[PDB]
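Right, one structure below, let's go through it.
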Amino acid sequence: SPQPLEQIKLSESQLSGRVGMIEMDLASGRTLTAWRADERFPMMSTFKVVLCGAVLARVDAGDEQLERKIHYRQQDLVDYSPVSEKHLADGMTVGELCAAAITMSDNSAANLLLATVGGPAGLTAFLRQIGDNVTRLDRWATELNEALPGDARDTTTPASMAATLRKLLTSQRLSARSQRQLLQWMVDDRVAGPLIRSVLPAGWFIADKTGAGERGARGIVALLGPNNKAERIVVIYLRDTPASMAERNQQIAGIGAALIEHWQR
Ligand SMILES: OC[C@H]1O[C@H](O[C@H]2[C@H](O)[C@@H](O)[C@H](OCCCCCCC3CCCCC3)O[C@@H]2CO)[C@H](O)[C@@H](O)[C@@H]1O
Ligand SMILES: *C(=O)/C=C/N[C@@H](C(=O)O)[C@](C)(Cn1ccnn1)[SH](=O)=O
């Protein structure tokens, strides 16, 4: 594979779309690669990680408990609820809801959680409170990935998302236990985690949340590194490409391969 930046360019050329990417040291925030890092991209399902960071903040403040059981109704379910559709009789705890939203991308779980933090506006206010003045959530789980051109709703920038994830995971804004919980939820991703490990060389750590939307929208927020360490945050978003899901997946994997082969920069 070529250098990361050359591979990113090849991906835009092959996809006919825009790629946005940031590679950042998790411990220090050192930016290694930045391409269209200040441009907007639909967050898609990656918003679920920020969502649970807001939930954890409420737990830390004593305004929420991960143990609290929420009972909901079938009428509350939206498209794609693999875990939540199984608990109409007994409910789910707030912590189980975050695990379902992040590790399974359960949309009903995400919407139930979103209501607890004040809806899209409340999550956006939380983002402003931690210093992210760019990322914005405007719609609920099954409408936020429409990806209309020129539509600023439900978007982030690679730089903003990377900085925000770093703040949630390492800045002590969240308690030690909450930081550890948010990280473990990403380590536990069932949607893409196992697949990524299957193609990663031995020794590489992965934690992640992926997303997909219309007009080719695709993305991943991840922690990656050799020696089984979460050394860097890598955020990659794709938008406005008519390519098949397989090819968008392949191009993102290709950027990952360039990173893996040329890690020491
Ligand atoms: O020399 C480095 C490595 O080169 C190859 O590894 C390949 C691997 O066989 C392939 O499957 C992967 O594809 C990349 C898979 C990436 C999957 C997703 C990565 C995510 C993670 C973070 C966010 C963006 C993308 O590339 C590496 C590097 O060429 C060799 O197989 C391996 O033995 C060797 O140690
Ligand atoms: C988050 O990015 C969600 C994207 N796609 C979802 C959806 O729109 O709700 C579906 C259900 C695919 N999916 C399942 C699990 N992760 N993604 S839709 O694109 O089929």
Side-chain angles (χ1 to χ4, degrees), residues 22 24-29 43-68 70 83-84 92-107 109-118 120 122-132 135 137 141 156 158-194 196-197 205-211 219-225 228-236:
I22 277 286
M24 175 186 285
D25 183 283
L26 175 64
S28 76
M43 282 185 279
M44 304 157 299
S45 292
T46 65
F47 92 90
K48 286 152 178 159
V49 177
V50 171
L51 170 60
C52 284
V55 170
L56 288 166
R58 282 166 39 80
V59 176
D60 285 348
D63 298 323
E64 183 59 276
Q65 294 163 145
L66 290 186
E67 288 87 350
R68 188 174 67 92
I70 293 188
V83 184
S84 57
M92 291 175 71
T93 67
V94 169
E96 280 183 308
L97 287 167
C98 266
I102 292 175
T103 76
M104 294 290 285
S105 217
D106 190 297
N107 289 317
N111 279 350
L112 288 166
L113 293 166
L114 191 49
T116 71
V117 302
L123 187 58
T124 299
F126 169 75
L127 283 157
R128 299 292 176 274
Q129 287 164 46
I130 62 177
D132 182 337
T135 304
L137 192 70
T156 186
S160 297
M161 183 56 71
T164 285
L165 292 173
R166 184 164 169 268
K167 289 170 180 174
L168 294 172
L169 293 168
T170 72
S171 76
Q172 305 194 80
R173 277 185 172 72
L174 294 183
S175 67
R177 200 180 185 226
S178 283
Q179 286 186 159
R180 293 162 190 177
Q181 173 72 93
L182 186 58
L183 169 59
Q184 188 60 51
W185 281 325
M186 292 179 71
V187 166
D188 289 337
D189 179 41
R190 302 287 84 187
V191 175
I196 295 172
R197 291 188 187 98
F205 178 112
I206 185 73
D208 72 89
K209 179 71 193 89
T210 60
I220 180 169
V221 296
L223 300 183
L224 175 75
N228 286 295
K229 175 180 178 61
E231 193 188 333
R232 299 190 190 147
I233 287 168
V234 179
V235 173
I236 296 168

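No hydrogens, no waters, no symmetry mates; every other heavy atom, side chains included, goes into these values. In this chain, numbering begins with 1 at the start of the sequence shown.
The shortest side-chain heavy-atom distance between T116 and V94 does not fall under the 4.5 Å cut-off. At least one side-chain heavy atom of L223 sits under 4.5 Å from a side-chain heavy atom of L169. At a threshold of 4.5 Å between non-hydrogen side-chain atoms, the residues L66 and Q181 count as touching. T103 is not listed as a side-chain neighbour of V83, based on a closest heavy-atom distance of 4.5 Å or more.
Of all heavy-atom pairs between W185 and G95, the closest is CZ2-O, 3.6 Å. Considering every non-hydrogen atom in both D106 and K48, the closest pair reads O-CE, 4.2 Å. The shortest non-hydrogen separation linking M92 to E96 is CA-OE1, 3.4 Å. A pairwise comparison of heavy atoms in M161 and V221 identifies CG-CG1, 3.7 Å as the closest pair. Residues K209 and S105 share a closest heavy-atom pair of NZ-OG, 3.1 Å.
Considering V191, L182, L51 in turn, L182 is the only one that fulfils the side-chain contact (heavy atoms from CB on, under 4.5 Å) rule with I102.
Within a 6.0 Å sphere centred on CZ of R177, other residues, nucleotides and ligands contribute 12 heavy atoms or fewer.
The stretch residues 179-191 participates, sequence neighbours left out, in no salt bridge (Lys or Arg N to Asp or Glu O under 4.0 Å) pair at all. Applying the salt bridge (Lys or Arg N to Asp or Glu O under 4.0 Å) rule to pairs touching residues 49-60 yields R58-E64, sequence neighbours excluded.
When only modelled atom types and interatomic distance are considered, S171 and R173 share a side-chain donor-acceptor pair under 3.5 Å.
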